[PDB]
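Residue numbers (the authors' numbering), protein chains in the order written: chain J, 2 to 240; chain L, 4 to 241; chain K, 8 to 127, 134 to 241; chain B, 221 to 429; chain I, 2 to 251; chain Q, 1 to 199; chain H, 3 to 234.
To start, the structure under review is shown below, and the notes come after it.
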Ligand SMILES: Nc1ncnc2c1ncn2[C@@H]1O[C@H](COP(=O)(O)OP(=O)(O)OP(O)(O)=S)[C@@H](O)[C@H]1O
Ligand SMILES: [Mg+2]
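Structure, rendered in structure tokens:
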């Protein structure tokens, strides 16, 4: 057994292996999510496809239950083992207390798994950040995120990945109340958001909405070809 | 200094520096003075505080009905040996149905604290235990140190600025083996006014006294019942 | 170059216990005041973004029905100590059929605070206030990353800790009331925080001898603010 | 203080070139790698007198490229080892924070591995303006194409985009590379306008090794 | 004892980690493997390295390893590290068959091994594997599949990929000559001999220098056929006949 | 002690069970449900002692739901039934063997409908019809009397009607009500909770 | 006590395992040894010179049998060899207790080389400093395999290990063909060990072991003198 303290304090009060892992998040591909009052909409950008690969094994939006979706950034090898440990816990909740898992509960499991893992012996911390999105019982759509140090934290709109400060500055000057008016109008905020990021001009973006009673339903590159037309068409006439 | 890092490493002079640095930790805590008569064992402590509204940190603890201790150093390792101290007293009382003798208790501590002074990546216990108790042989004053070396003594004083208290105890220890409980205590109280700056001494909220006695169970006196003992001292000569 | 985690200084203290004392100077500030009418206890939130939901974060959390808490420094490892305190108050109720006193909660946590090493891995970087009403009345305690706890009367912990303590020694006296202790704390928090004071940047909680642990919410809270 | 840093080939030296292009003041250039001398002690004194002479002249900004060189490799021809590296770099860093008259000097920086050199130099006051050098974007890679393709009588077949995406993280030097290589290909056959298959062979040669 | 520890698990101050990037640096050299599919069948073209005149040429294969009864793998990198992985996912497929009485799907065999490979990069203070490897196979859910593993622990589905020494030159030409779903298992073989004509610096394409194995679906068989050294060279010269025709007529 | 039944047709599987949760001599609950879903086309029907029928059958249910999330598709009824047989057989020679009797019903898009049979010793049997409980002794003889491999689902219900009316003539237990399912290409469908009025 | 539980063999920034590269240097400075299979059996021949006349040459042996039909020689350092002999003696027994059959020579090298790879990754150990040559005649056809400290293995027709191994491989390439008997391969194994020995190659400076379909055996110095006579 390898017993060695990896994460230790700095002489001024930092945890260096934590904040080095935050920079591995800061060059993964961008993931943006907002919530509507009835339909949540989150979609990663930079699919970065090379037209010789299977398109389904590269997906970064998975589901933990029927109601809880999840996107991430950072490095993918650490991601899909946190996900598989979350799938067991949200299934073991049902063998216990009968209701399906509330979206706040599954964030506390991931965040507490991630903290104690910056505390044990001989373990580097995880290098991912996540967005947990769900519409729980009694239909209240909400989302969260998870820092690699393990601080779960709710939001109304957020973005992580490479180029996340510029998108977060873009949303606060754009997030009104009437932006979440229609289920097709909230999507026009996300498609306007990631187009203000690393190119992805309809060819590298994959939105995925959830209408509070469905599962995740990814629109194929025909409505995004339709939406990016009309989002740029309104931009064409006003300016 | 590459010989200054781990407890395992000997110096080329032959003095392990990690043990010598734990002696610096016991010199940081406030002073306390223990002494004994023919029939009594009295230890007197001097508390400290952080602000004027925060309370004073206690130092005298109750191990058993005939054993009490006084700590100096970091308080977390003090409670670690204290919960070991209480456990070794009541199981001997569970097995043999007798009070565990004091001189046989301290040798369990000396074997307890010597173990992390020899392994790898194990700190010593920075603590300043003065022990007062009863065998069937009368009172006993014992002190320890983080070098796992316990001392049999008749009056000692440890903590910050304690050398001035030892000089007072040497020139008055011919009188200690005769007096009753009253001026045995205020012999020790004249040692704590020795180890202070020349303006504040004994304002009834920073001093504590614990006595075990030949027909007297170990009793701690705190900040109101100190005042009968504390009256009857002369002014500081200047 | 690299020491172990368990090494004394030549001045004798430690290395990483003393480094963790520095880490709670980055946390948000928090004020607790003990009054014989009851314990009031406040904090700021340090809201970063307008898009952020404000109520998802918390600093006041309850341990039992008669004991509240307040955390500073890091947050993610504070939740480990909170869960050990909640279990400890329920094991004491299960085996003794009574309420654990406020002091005996604190030493049950403070024994846990210095247990790292290389067998069986770093000290916790939080600082806690424990406000409660046991049978000796209202109490107020303060622990350390070093595991050293002591009863305080008006303790201010956070990034603005030493600036607030000086302004708090002048207004505190032993015969306060709870209605003026609540007002006296928000005068101090109005100085030390960055943004303006409103009903969302701060939150309070008071514990009484009569009723149990009560946390204020954004309806009864701003009557203190508009009548500051 | 002023400093650049980034991957090998982004614009830290060329940028300095344009800087001087605009300037109307004194200017010098030297490489840290040459600072080491097979003897002992000289290099330091070299630094001293060099700073002196620079300061003595005029409105001036001197620049050294790739100091990290002196902190990365080691040449067996050097008499000792770090036993002079340390002292030389030390006196160096001092000579930018001399208690004496600092004079009219400002300094730029340009290193590929900044993370590993002595952070002591990075002290505030010695170095002030600290700027990153990133990977330019493809939409700008098109502009680089335009740059190194404006004043050449190319062939009409230029579809630059299907050439931009070859190396997913290529550099602004690679543009010039492909361009001049294709031109050479043209010159071999004495042709004039540079056709697309020339771009093909270019990407194949310059990159695949 | 902490002076001798090399800390093969920690991050670097720039954010990335050095140990697996040194391994993927070593995965470039020492070997060449590639695969292709568009229709019924899938192939693995691999180039032999030790071509010395004193060897027995046995064990039916050199870098091809039959894993299941209907899938196989081609490996690259440290050959000794490869022998531990190959007989590790060989019984991952068997403990699946013990548990469900059904052959394992080709994708979740890859994810099972790439979690064991990921764990050494993450804790334990242990040297990771410098091994990347391909996966061909068939299942009833999606048919013919083609995967690729990396020493970091992340996989991916593909259609044609090389992990050779000049693998970037091969991929640049695979996306220059390709067709989605129309490359039958004769045009892919002619394309396979075209690609390793380029990346192999030893010219003239010695038939003993390469190995080609095909996986075709016969009704209840899934025939994995390592084609012999009598039909390689006629496929070699078939590439040679057309290139003298295409060069002279252009 | 209880009674469930397994008629399997050309493109459907007709299953039914009772609704009585028993006790010492009384019946605690008259509308109990012995029916456990795992997928959109796989059911599970468990009979046995008190604790093991509940906890084993939901242990299997969390492993089948997990297989769908890890892969995106469901188990076949052949593989789902054969995963259960491994779990009894491994836990048979243990300190706590489960004592349950069960039969699994499933539809697939490749091999069509399927019915499997098990006991408390974990022996599989691909059967066209089966039954557990003491009512199986009464009711198997009507069922092979009238079974055709090409039987339509309308007359398969009235065969089940005939198979239960004899069970309320010469069987000493009460058993008034019976819950009925049907499985096809469209998934699980609830049929009428057929019963006999004791008023 | 306990161990270290960390690998002291890491990747270089040039991507080479340096400790394995150093272990091959210790193999190359060993005693020279050649091995030749020819159509009915395998010949293993080594070179064993005592440092002085005081040593008892009939005490230790370079050529060791593993079972009835498998022999094994080395070229490296001494005490590492006796460890993985006793390991390989045991591995041939657990195959036999399961299957009631003598182990194939291929499956032994599958399991001996798995030990050497496992030993160059685990915590706190330096790799072995030996290379092996393994012979045997399973199912008529003979076999000749060579392992290395990295854990790989090969299938040779004829090869040389030890000092001047690059000269022996050129000598065997100009000598060996497909068609030789066992007694011819003995004569050319002495002819390739004479390239690097001293002046006196007596009946006790060398050690030769053969396989047949009759099984592995090791030559006594009587007939080794007869093969050494009328040689070169
Ligand atoms: N962003 C760019 N725009 C236009 N040309 C560029 C750009 N980046 C590089 N180049 C070209 O490539 C050359 C390389 O730029 P340099 O200034 O040498 O970069 P550098 O990062 O300082 O190089 P190193 O690391 O010292 S080798 C320039 O002289 C230009 O010809
Ligand atoms: Mg440059």
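Here a beta-carbon is modelled for each residue, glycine too, at the ideal position from N, C-alpha and C.
- Nearest in C-alpha terms to residue 122(L), of all of 11(L), 165(L), 235(L), 5(L), is 11(L).
- Using a CB distance cut-off of 8 Å, residue 28(J) counts as an interface residue toward chain I.
- The three-state secondary structure of residue 57(L), taken from DSSP, is coil.
- Secondary structure remark: continuous alpha helix (DSSP H) runs of at least 4 residues inside the region 51–127 of chain H, in chain order: 80–101, 107–121.
- Taking a Cβ-Cβ threshold of 7 Å, the residues of chain Q close to residue 103(I) are 79, in chain order.
- In the three-state scheme derived from DSSP, where H, G and I count as helix and E and B as strand, residue 221(K) is classed as coil.
- When Cβ-Cβ separations below 8 Å define contact, residue 14(I) makes contact with chain J.
- Relative to the non-hydrogen atoms of ligand 2, the Cβ of residue 396(B) never comes closer than 7 Å to any of them.
- Beta-carbon to beta-carbon, residue 166(H) and residue 15(H) are separated by about 33 Å, too far to satisfy the 8 Å threshold.
- Residue 61(I) and residue 227(I) have their C-alpha atoms spaced approximately 8 Å apart.
- In this chain, residue 379(B) is not harboured by any beta strand (DSSP E), its DSSP state being neither H nor E.
- Residue range 35–39 is occupied by the beta strand (DSSP E) that includes residue 35(H).
- As DSSP reads the structure, residue 155(K) sits in a beta bridge with 142(K), 163(K).
- Less than 8 Å divides the Cβ of residue 78(L) from the Cβ of residue 161(K).
- In this model, residue 41(J) and residue 314(B) are separated by some 58 Å (Cα to Cα).
- Nearest to residue 149(K) by alpha-carbon distance, out of 110(K), 92(K), 117(K), 239(K), is 110(K).
- Sequence-distant Cβ neighbours of residue 30(I) in its own chain, meaning closer than 7 Å and more than five residues away, are 166.
- Judged by DSSP secondary structure, residue 95(K) falls within the alpha helix (DSSP H) whose first and last residues are 85–103.
- Residue 160(I) sits buried, since 16 or more C-beta atoms from the chains shown fall within 10 Å of its C-beta.
- Annotation note: the region 143–168 of chain L contains the following uninterrupted beta strand (DSSP E) runs of length 3 or greater, listed N- to C-terminal: 154–156, 158–161.
- Counting only Cβ-Cβ distances below 7 Å, residue 335(B) has contacts in chain I at 14, 15, in chain order.
- Between the C-alpha atoms of residue 174(Q) and residue 38(Q) there is a straight-line separation of about 30 Å.
- Considering only 220(K), 15(K), 152(K), the residue with the shortest C-alpha distance to residue 112(K) is 152(K).
- Those residues having their beta-carbon less than 6 Å away from any non-hydrogen atom of ligand 2 are, in chain order, 232(B), 233(B).
- Taking the Cα of residue 263(B) as reference, the smallest distance to any Cα among 355(B), 311(B), 341(B), 232(B) is reached at 311(B).
- Here the region 73–82 of chain Q does not lie against the region 155–164 of chain Q, with fewer than 3 beta-carbon pairs under 8 Å apart.
- Residue environment for residue 51(I): exposed (fewer than 16 other C-beta atoms within 10 angstroms of its C-beta).
- Here the region 31–48 of chain J makes contact with the region 193–207 of chain J; the two share three or more CB pairs at distances below 8 Å.
- Taking 8 Å as the upper bound for CB-CB distance, residue 158(J) and residue 172(J) are in contact here, some 5 Å apart.
- The alpha carbon of residue 8(Q) has as its nearest neighbour, out of 166(Q), 51(Q), 106(Q), 92(Q), the alpha carbon of 106(Q).
- In the three-state reduction of the DSSP assignment, residue 285(B) falls in the strand class.
- Using beta-carbon distances, residue 109(I) does not count as an interface residue toward chain J, since no partner is under 8 Å.
- For the pair residue 145(Q) and residue 101(H), the Cα-to-Cα distance works out to about 53 Å.
- The beta carbons of residue 151(H) and residue 164(H) sit about 14 Å from each other, so the pair does not count as a contact at 8 Å.
- Residue 330(B) is positioned such that its CB atom lies no closer than 8 Å to that of residue 245(B).
- Between the alpha carbons of residue 101(K) and residue 125(K) lies a distance of about 34 Å.
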